Amino acid sequence: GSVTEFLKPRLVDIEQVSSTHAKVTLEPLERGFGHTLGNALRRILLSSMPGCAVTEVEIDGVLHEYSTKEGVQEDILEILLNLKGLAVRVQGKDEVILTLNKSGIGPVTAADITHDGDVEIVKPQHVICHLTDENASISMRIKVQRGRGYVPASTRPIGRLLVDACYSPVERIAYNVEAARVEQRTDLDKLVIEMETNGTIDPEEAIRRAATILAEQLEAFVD
Amino acid sequence: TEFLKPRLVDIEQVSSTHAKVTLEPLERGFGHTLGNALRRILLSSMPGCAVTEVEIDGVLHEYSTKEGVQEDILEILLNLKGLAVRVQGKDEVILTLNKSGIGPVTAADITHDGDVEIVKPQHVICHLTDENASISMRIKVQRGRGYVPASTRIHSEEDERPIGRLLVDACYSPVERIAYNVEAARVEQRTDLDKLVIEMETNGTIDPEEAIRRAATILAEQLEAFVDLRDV
Amino acid sequence: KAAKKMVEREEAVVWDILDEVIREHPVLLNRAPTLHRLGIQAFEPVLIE
Amino acid sequence: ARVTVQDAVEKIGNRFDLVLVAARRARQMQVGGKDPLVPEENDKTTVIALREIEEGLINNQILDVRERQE
Amino acid sequence: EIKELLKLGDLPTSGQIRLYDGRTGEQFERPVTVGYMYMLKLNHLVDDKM
Amino acid sequence: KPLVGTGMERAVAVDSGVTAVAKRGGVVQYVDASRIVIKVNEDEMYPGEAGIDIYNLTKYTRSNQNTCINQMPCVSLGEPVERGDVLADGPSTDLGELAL
Amino acid sequence: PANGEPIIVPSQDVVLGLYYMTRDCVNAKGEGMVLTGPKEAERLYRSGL
């Protein structure tokens, strides 16, 4: 055969575990190309994928990072931690400030956030902090911004406290290159991508976005 | 919300076989992504044109010698295995090397052909050491990919009836070593953009621009599968 | 005899048959000094070039 | 596809009545007289028989009962 | 003297350079030894045995 | 080559029969992968005969362990050679140095 | 069969990998932050942050 045609994945089968997981296996791929594709896609997903997340917060009664809130048994670090795991999506609006004025007994669920049209919470039942059967109240303002990757607080008055924003929708990428077989050839590699997301976008759509990004990057060179 | 697209900026050629590109406007990190992907593609898949077959006038196999040459036929085949040539209009061609007289038999002495071009004519194939001695061999070059060993090429025998035909191990891979570097490009109105610098050492057959274009094309085309997974 | 000749020439169809047979058919690996009973263990083969 | 037989030995004790019962069941399944119970999913008669034993639809008692019925 | 001969070129004196993983593309931590070792090929070939 | 030898590799090659060695110094007159012709220096030659030394090399003959012993020339045409110097590198030798 | 200890002990290279990977450096990159679980830890590690 000519030197232009290469083996392409003729069998690909995505298996999603019922909420947000996905085992994507695409085999057969030519020898040593599974590692290339897995590395490129994993690095794109883990480093550069547009998204939105909570960046910083401002609490009316709390000003110092290490502080105790009267009524919430969970510590401020725990509140920022739960807020870090919150999964949100935003429309064309780039920045939005939400508020969580709540008072009662039960847990301070994410569903108690003030409703908006441009903001959608994929996990309204998410827990932010617990509350006691007291007049104690929780009032805070969270800032949601649109970014590209991961930026801890160390990278970057009020005073307000910072949060390590995680804009990337993906949460775990670990590809595996398993030996495959086609006719007498058996050195062919088979790609087994494994992905989890925060729920904003299904893993297959995440892979599609990653491929679109990479291909758009490889546009001028291709002929 | 979107990344800048990289475009080649220079083809700086320190030597004929040594080249440096500069995919440049690279955005965040991709530098390493594109560098590693391109290095792996270039080292794996590139169209080479290394010698495949040799037919010497009076040699019955590749373990005897020929009177008048100070190298065994095995050493001659080893030397030819590294011959660097470029073919344009055909995927397989036959050359004709004839020489008579003491001295080295360089690849320059190969019969000239319109489409074929020997990249480094100095390349030494054998050495005649007798005035009344000569060598007359037919070289069969063909364009392939990767590295196909001689034993596995002969599977159906492709009607290899003649016994004077010697098969050398094909080495279709013009690139010898590829290394990429990432450095902060100094654009004015942007915090920090990466610039990729791919330094490659070919054997002279493939121009750097063509090689990088080929690698980018293969990576983009093969990635089309992921662009639409489409369930099963 | 035809089957023997086909296997001897190593036709391309035999590979699918072999991969069908190997699927669930343990083979006993065994080292030379089998001092104790853990020197003979049965694995499931995986065809390798 | 199967890995271990721990559930099998849990169901049938002695890890030796297991081998014999599975052998007899696989023998009936293999020679073209009988048919399987658990849905075959590309496995072989041995692993299918072990699947039947593990899931709990066959043992020595049930095997002898089905035999004496015939 | 090995250090002197290493430094006569430009290779690091300690004798360990930093290797980049071939597949991942990201650096290996803890720089690693590399050097030109002389290796034989013992005649216990596999196709004589298998 | 041994890139890190022990300085005691020339003796192993020369003293064992395989490496071959010029019996008498002189200038090479004809080098071919099968044979070598050495024109002995006039001072090293006996008065009677007009001696020229012909070394017939061995080309791909089986050794007792089925490995292939092969002697190739390591001296170009018209190059001087002295007494007891390596001419035809044997199997697993390089310019007279053992290369295993 | 001789003693009630396992015979599948990770032996000589897997063990070095785990030992190097389950350790602490008094001051390495990104010491002292808070993570939302093992997934966040792996994601941080791969990116090199």
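So basically every Cβ, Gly included, is an ideal-geometry build from the backbone, and we count neighbours across all protein chains shown. The values are calculated or read from the model by the stated rules, or taken from the named source; none is laboratory data.
Within region B:175-199, the set of residues being crowded, with 16+ Cβ neighbours inside 10 Å and either charged (D, E, K, R) or closer than 30 Å to B:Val54 by Cα (or both) comprises B:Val175, B:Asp194, B:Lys195, B:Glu199.
Looking across B:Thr96, B:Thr65, B:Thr1, one residue alone is facing another protein chain (nearest Cβ under 8 Å), hydroxyl-bearing (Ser, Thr, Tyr), surrounded by fewer than 21 Cβ atoms within 10 Å (Cβ to Cβ) and touching a strand residue (DSSP E or B) at 6+ places or on another chain (Cβ under 8 Å). It is B:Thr1. Considering (1) over 22 Å from A:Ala87 (Cα atoms); (2) assigned to a helix (DSSP H, G or I); (3) facing chain A (nearest Cβ under 10 Å), the lone condition that G:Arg46 does not fulfil carries the number (1).
Per the conditions (1) touching a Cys at 6+ places or on another chain (Cβ under 8 Å); (2) more than 14 Å from chain B (Cβ to nearest Cβ); (3) hydroxyl-bearing (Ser, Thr, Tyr), the sole criterion not satisfied by F:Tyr60 is (2). Contact annotation: residue pairs with Cβ atoms under 6 Å, 6 or more positions apart or on different chains, pairing a residue in region B:7-34 that is closer than 25 Å to B:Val119 by Cα with a partner that is hydroxyl-bearing (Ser, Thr, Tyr), are B:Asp10/B:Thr22; B:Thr17/B:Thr202. When restricted to residues that are surrounded by fewer than 22 Cβ atoms within 10 Å (Cβ to Cβ) and over 29 Å from B:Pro121 (Cβ atoms), region B:4-51 contains 12. Checking the stated criteria, B:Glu131 turns out not to satisfy the condition of being at negative phi, of a type in the set (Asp, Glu) and in the same structural domain as B:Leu23 (by CATH). Among the residues of region A:99-110, those identified as surrounded by fewer than 15 Cβ atoms within 10 Å (Cβ to Cβ) and in contact with a strand residue (DSSP E or B) (Cβ under 7 Å, 6 or more places away or on another chain) are A:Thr99, A:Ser103. Screening region F:42-77 for residues that are in contact with a strand residue (DSSP E or B) (Cβ under 6 Å, 6 or more places away or on another chain) and not in a strand (DSSP E or B) and picking the one that is farthest from F:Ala22 (Cα to Cα) gives F:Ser63. Surrounded by fewer than 18 Cβ atoms within 10 Å (Cβ to Cβ) and either touching a helix residue (DSSP H, G or I) at 6+ places or on another chain (Cβ under 6 Å) or under 18 Å from B:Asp130 (Cα atoms) (or both), is that true of F:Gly78? Yes; evaluated as a whole, the condition is true for this residue.
Regarding A:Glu171, is this residue away from chain B (no Cβ under 11 Å), assigned to a strand (DSSP E or B), farther than 21 Å from B:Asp231 by Cβ and not hydrophobic (A, V, I, L, M, F, W, C)?
yes
Being farther than 24 Å from F:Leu3 by Cα and surrounded by 10 or more Cβ atoms within 10 Å (Cβ to Cβ) is the requirement here; does E:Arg30 meet it? Spelling it out, it is not the case that E:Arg30 is farther than 24 Å from F:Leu3 by Cα and surrounded by 10 or more Cβ atoms within 10 Å (Cβ to Cβ). Scanning region B:146-181 for residues that are within 30 Å of B:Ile212 (Cβ to Cβ) and of a type in the set (A, V, I, L, M) returns B:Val148, B:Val168, B:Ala170, B:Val175, B:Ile178, B:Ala179. Just one residue in the set B:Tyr147, B:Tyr172 is of a type in the set (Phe, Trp, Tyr) and crowded, with 16+ Cβ neighbours inside 10 Å; that residue is B:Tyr172.
Residue-wise test of (1) within 14 Å of another protein chain (Cβ to nearest Cβ); (2) assigned to a helix (DSSP H, G or I); (3) more than 13 Å from the chain's Cα centre (by Cα).
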residue: D:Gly13; (1), (2), (3): no, no, yes
residue: D:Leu20; (1), (2), (3): no, yes, no
residue: D:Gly32; (1), (2), (3): no, no, yes
residue: D:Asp35; (1), (2), (3): no, no, no
residue: D:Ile53; (1), (2), (3): no, yes, no
residue: D:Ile58; (1), (2), (3): no, no, no
residue: D:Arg68; (1), (2), (3): no, yes, yes
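Name every residue in region B:118-162 that is basic (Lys, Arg) and away from every other protein chain (no Cβ under 12 Å), in order of residue number. Of everything in region B:118-162, those that are basic (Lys, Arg) and away from every other protein chain (no Cβ under 12 Å) turn out to be B:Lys120, B:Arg138, B:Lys140, B:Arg153, B:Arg161.
Answer with yes or no whether B:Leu78 is within 22 Å of the chain's Cα centre (by Cα) and either outside any strand (DSSP E or B) or polar (S, T, N, Q) (or both). Yes: the conditions hold for B:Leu78.
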